[PDB]
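Residue numbers (the entry's author numbering), protein chains in the order written: chain I, 16 to 93; chain H, 2 to 94; chain a, 4 to 59, 66 to 119; chain M, 2 to 57; chain Y, 1 to 136. Ideal placement from N, C-alpha and C gives every residue a C-beta, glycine not left out. Data first, discussion second: the structure below is written as C-alpha cells.
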Amino acid sequence: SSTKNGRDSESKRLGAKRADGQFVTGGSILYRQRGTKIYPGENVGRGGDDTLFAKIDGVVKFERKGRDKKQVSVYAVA
Amino acid sequence: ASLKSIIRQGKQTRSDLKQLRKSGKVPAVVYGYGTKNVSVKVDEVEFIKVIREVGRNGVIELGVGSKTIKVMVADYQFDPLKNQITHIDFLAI
Amino acid sequence: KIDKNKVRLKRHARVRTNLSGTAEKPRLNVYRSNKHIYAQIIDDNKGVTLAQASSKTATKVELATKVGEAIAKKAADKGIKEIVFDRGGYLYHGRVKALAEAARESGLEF
Amino acid sequence: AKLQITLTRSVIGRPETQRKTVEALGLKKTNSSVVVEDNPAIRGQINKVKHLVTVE
Amino acid sequence: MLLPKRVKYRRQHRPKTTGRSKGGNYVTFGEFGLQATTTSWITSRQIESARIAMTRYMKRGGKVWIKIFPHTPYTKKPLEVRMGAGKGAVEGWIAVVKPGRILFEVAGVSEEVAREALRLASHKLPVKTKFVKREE
RNA sequence: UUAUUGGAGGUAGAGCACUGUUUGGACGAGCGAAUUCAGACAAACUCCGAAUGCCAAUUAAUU
RNA sequence: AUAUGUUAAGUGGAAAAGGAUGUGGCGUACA
RNA sequence: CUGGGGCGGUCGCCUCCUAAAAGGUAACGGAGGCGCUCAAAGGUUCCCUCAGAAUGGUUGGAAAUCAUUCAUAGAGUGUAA
RNA sequence: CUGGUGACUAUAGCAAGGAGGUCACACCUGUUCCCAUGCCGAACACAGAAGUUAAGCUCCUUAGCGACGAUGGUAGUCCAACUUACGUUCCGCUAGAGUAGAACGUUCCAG
Numbered sequence: 016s017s018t019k020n021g022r023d024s025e026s027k028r029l030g031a032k033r034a035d036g037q038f039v040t041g042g043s044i045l046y047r048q049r050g051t052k053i054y055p056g057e058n059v060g061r062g063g064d065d066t067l068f069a070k071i072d073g074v075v076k077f078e079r080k081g082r083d084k085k086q087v088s089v090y091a092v093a
Numbered sequence: 002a003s004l005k006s007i008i009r010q011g012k013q014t015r016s017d018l019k020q021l022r023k024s025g026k027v028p029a030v031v032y033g034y035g036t037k038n039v040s041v042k043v044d045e046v047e048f049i050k051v052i053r054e055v056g057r058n059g060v061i062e063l064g065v066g067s068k069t070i071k072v073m074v075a076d077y078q079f080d081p082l083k084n085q086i087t088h089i090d091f092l093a094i
Numbered sequence: 004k005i006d007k008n009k010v011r012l013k014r015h016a017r018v019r020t021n022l023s024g025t026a027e028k029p030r031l032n033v034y035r036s037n038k039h040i041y042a043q044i045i046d047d048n049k050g051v052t053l054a055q056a057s058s059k066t067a068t069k070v071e072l073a074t075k076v077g078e079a080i081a082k083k084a085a086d087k088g089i090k091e092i093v094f095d096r097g098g099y100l101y102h103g104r105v106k107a108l109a110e111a112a113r114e115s116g117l118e119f
Numbered sequence: 002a003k004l005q006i007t008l009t010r011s012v013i014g015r016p017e018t019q020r021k022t023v024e025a026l027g028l029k030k031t032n033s034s035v036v037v038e039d040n041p042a043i044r045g046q047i048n049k050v051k052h053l054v055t056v057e
Numbered sequence: 001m002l003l004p005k006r007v008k009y010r011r012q013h014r015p016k017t018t019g020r021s022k023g024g025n026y027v028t029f030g031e032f033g034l035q036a037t038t039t040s041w042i043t044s045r046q047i048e049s050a051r052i053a054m055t056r057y058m059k060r061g062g063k064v065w066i067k068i069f070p071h072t073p074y075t076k077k078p079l080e081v082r083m084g085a086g087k088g089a090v091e092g093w094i095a096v097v098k099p100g101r102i103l104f105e106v107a108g109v110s111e112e113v114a115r116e117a118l119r120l121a122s123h124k125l126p127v128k129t130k131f132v133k134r135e136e
C-alpha cells in the first residue's frame, strides 16, 4: 500500500539560444547540449560541457555538415 | 467496343472527389511509357467488367482526348469496408 | 595483400583537421613515393596553389634536400617567410625532415 | 480605396489571437466599416477572420 | 491462454481506440475471413471461447488462423479501496480491434461450412463482424 | 497582426532498418524468435515524418 | 407560405447485443 | 505532506517516460541511481582499432590460447540512465 | 586521355566480369649504415644492377544488391459550421510505383 516511485531531477534549459540570421556578440551562447549533436563551424568554439559559443560579431548560420549531421557558423557582417 | 473516358481538368477539392465517387465514377492516373501524366475519369462498373475479359494483365486500350492508347492496370486502391474502388493507375508499355 | 598509400591518406586526413593553410601561413605539403619526392604550397581558404617543386642518391635523402632549398628559393623570390609544415601522414624522420631541414635553414620561418 | 470591410459579428467569445487581427484592420465596434486598398498583406488578415467580417 | 512469455513493463497506458484500423485488412492465409465493423477490446478468454466453437463445427476439416494477439495488459484495483496510493496490478491481456480488420481465417472447407463456423464464433465476441472472401 | 524568405525542435500518422514481443510455412548447424519467404504489435522502439506553434531578418502594408 | 419526397409509429417527444417476405431508393415452368 | 485523521510510506541531488517535434509544466503517476573514485583512470606527442570469429589445430563435457576470410560498429567508454 | 591537392548528402558505393605499361605509381632483391618489433626487416625506414602486369591502380562496358525518386490517390491536420462523427475550406505523410543513376569536377606538374 505504498509507492516506490516519485523522484525526478530539475529540468535543464537545453536547445538553441539564438536564431539563424541574427546578429550576436563575441561571447554569445548559441546552443546548449549534452555531447555533440551540432558541431561548431567557422568562428565557433565548443565549451567544456559541450556548449557552443561564438568568438566574433556577425550573423548566425545553421547549415548541414555531411549526411545526417549539422553545424553552426558565424560570418562577419560587411 | 473500347470504353469511354473523361479528362479531369485543374485540381479538384476534397468535396469534388467525394461527389465523383458518389456518382459512380472512379479517378485514374496514366504514367506509362509513351504518354504524359493525365488525370482521367472512367465508370466504375464499365471498368469492373472490361477487366473481367482481359483479366489482371490484359490490354485496356483506354482512349484519352480522342487518342486511344493501349494500356494496362498497374495498381489500384480498394475500400474493404464499403467495397468501393478508389483509385486506378494505368501503365502503358 | 594490402595497399600502403591507401591507409596513409587516412592518417593524413586526421593530421589536416587542425592544421590548415591560409594566405599569410600557406601550408607546405610533402608527397612521397618509392623513388622521387615532391612538395607543394596551397591556399585552401580560396583554393589556389602558389609554388611547386619536385626531384623530377643516398636513399634519395640528398635529393630530398635538393628540393628543400629549391622550393624555398621559389618562395623567397615572392618574399613569403611564414608557412605551416605538413607531414602528409609520413613519420617525421629521414627524408621528410630533409625536405623541411633543407628549406627551414634557407631563411624560412616555420 | 479598393476594398470595404464591415464587422458583422461581435468579438465576445473569440480567441484573443483573432481579437488582435480585428484591431490591425481598424474595426472598433459591430457594424463598423473601413476602406483600404487590396494588398497582399491585407487579404492575409481578412482570410484569418473571414468568418466575422464581410468584404465587399 | 494466449499471453506474452515476458514483457519489459507490466503497467502500460491504454490504447487510443479511436480511429480506423492500421493494418491487416486482407485475407492472405485461408479462403474466407471474419471482418470487424466496430471497435472493442478482445481478451484472451474471448479468443479461446470463439475458436473452440469454430473447431467443433468443422470437425477438424481444415486449417484455422488467428491474426490477433493480446500484447497489452491492463491493471485493476482491489475491492473497496480509496483513490490513489499507487497503480493497480495486472489482471489480463487485451487486443485492440477497429473497423476493417480480420480476426479469423479458415481454409480447406466449402463456402457453406465456412459461413456457419464463423457465425457460431461471432456470437462469442463483443464486436460486430462480417463475412469476407479473398478479394478478386 | 498579416504576406514573404530563413532556421531550431521528432508529436499525429506511418514503418519493422535497431532493441523487444509475436502467427503460418520452407530449408538439416544443435530446424515456430542473431540463417530465409509471408502477415502483425509498442508512453519509456525509429530507416522515415506532417499540420500547427516558436525564434529571427531597425524587410513590406494595416494598426 | 410555396416546390418535391419519406414515415403510421404519437416514431417525432429516452437506451444495447440480437430477432423479423414493415415499407422506399440505387446496383448484380413458379401454383 | 496526506482523496478526513491515525497507522504505513515519503522529505536534498542526478537521468529517462508521462510532456501534446522551441523552452517550461501536476498527482501517495510509471522505472533506476548518488552522499564516490583515479597519482594516472590527468596533460602532451606519435601510433592503433573492436564484438561476433559458416572452418583448420599438442582433439582437454563446441567459448581460454594460435591461424585465414563474412564483419554498417551488433565492442568498448571507472560507476544509474 | 596521368600524377599531386581541395569542393561538394553514395546519382560519388558494393559487385561481376574484361583491356593496358618498364617514361610514372606498385610489386620487388637486401639489413653493414640513422631509426623500428612485447614472435615475423611482418609493418615502420630504409640501401637499391634485375625480375613482372598475377593482384593495388586506371580509363571502357552491364541496373543484379544498396542509393536518388516526381504525378495521382490515401492517412493526419490549422480554421469554420453541425454534433459527436458528420459536412466545408487551406496545408500535406509514410509506404508503393513510372523513374534518374556505373559521378560531377577548381588549382595544378609534366605529357
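Going by C-alpha to C-alpha distance, which of the options sits closest to residue i?
i, options, result
"H:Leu63", "H:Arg57, H:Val51 and H:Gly56", "H:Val51"
"Y:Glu111", "Y:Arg10, Y:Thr38 and Y:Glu31", "Y:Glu31"
"Y:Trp41", "Y:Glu116, Y:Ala95, Y:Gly100 and Y:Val106", "Y:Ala95"
"Y:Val113", "Y:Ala50, Y:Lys67, Y:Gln12 and Y:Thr55", "Y:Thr55"
"Y:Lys67", "Y:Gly61, Y:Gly100, Y:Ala85 and Y:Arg82", "Y:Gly100"
"H:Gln85", "H:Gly11, H:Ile70, H:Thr14 and H:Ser24", "H:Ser24"
"a:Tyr41", "a:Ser58, a:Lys28, a:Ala54 and a:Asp47", "a:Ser58"
"I:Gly62", "I:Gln48, I:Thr40 and I:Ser17", "I:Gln48"
"H:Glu45", "H:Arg57, H:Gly35, H:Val31 and H:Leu21", "H:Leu21"
"I:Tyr90", "I:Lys84, I:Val75 and I:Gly81", "I:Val75"
"H:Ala75", "H:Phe48, H:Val65 and H:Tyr32", "H:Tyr32"
"Y:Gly19", "Y:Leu125, Y:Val97 and Y:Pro4", "Y:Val97"
"a:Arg19", "a:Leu117, a:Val93, a:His102 and a:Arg113", "a:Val93"
"M:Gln46", "M:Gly27, M:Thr9 and M:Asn32", "M:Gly27"
"H:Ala93", "H:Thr14, H:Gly35, H:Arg15 and H:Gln13", "H:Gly35"
"a:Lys69", "a:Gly50, a:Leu22, a:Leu53 and a:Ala107", "a:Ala107"
"H:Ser40", "H:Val65, H:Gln78 and H:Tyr77", "H:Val65"
Report the neighbours of residue i on chain Y: residues whose CB is nearer than 9 Å to its CB, in chain order.
i, result
"H:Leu82", "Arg20, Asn25, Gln35, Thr37, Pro99, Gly100 and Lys130"
"H:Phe48", "What H:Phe48 touches in chain Y: nothing, since even the nearest Cβ is about 14 Å away."
Beta-carbon within less than 7 Å of residue i's beta-carbon, same chain only, minus the 5 sequence neighbours each way: which residues are those?
i, result
"M:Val50", "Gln19, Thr22 and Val23"
"Y:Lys77", "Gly88"
"H:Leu82", "none"
"Y:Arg11", "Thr75 and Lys87"
Does the beta carbon of residue i come closer than 7 Å to any beta carbon on chain Y?
i, result
"I:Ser24", "no"
"I:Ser16", "yes"
Any C-beta of chain I sitting closer than 7 Å to the C-beta of residue i?
i, result
"Y:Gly86", "yes"
Within the same chain, show all residues whose beta-carbon is closer than 8 Å to that of residue i, passing over the 5 residues directly before and after it, in chain order.
i, result
"Y:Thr129", "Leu34, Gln35, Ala36, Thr37, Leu103, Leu118 and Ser122"
"I:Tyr46", "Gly30, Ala31, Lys32, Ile53, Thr66, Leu67 and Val87"
"H:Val43", "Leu4, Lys5, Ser6, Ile7, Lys26, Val27, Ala29, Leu63 and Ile89"
"a:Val105", "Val33, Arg35, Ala73, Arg96, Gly97 and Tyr99"
"H:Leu18", "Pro28"
"H:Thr69", "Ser3, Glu62 and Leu63"
"I:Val92", "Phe38, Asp72, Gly73 and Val74"
Quick one: which chain H residues come within Cβ less than 9 Å of residue i?
i, result
"Y:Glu135", "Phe79, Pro81 and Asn84"
Who are the Cβ neighbours of residue i in its own chain at under 6 Å, not counting the five residues just before and after it?
i, result
"a:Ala79", "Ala56"
"a:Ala111", "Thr74, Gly77 and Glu78"
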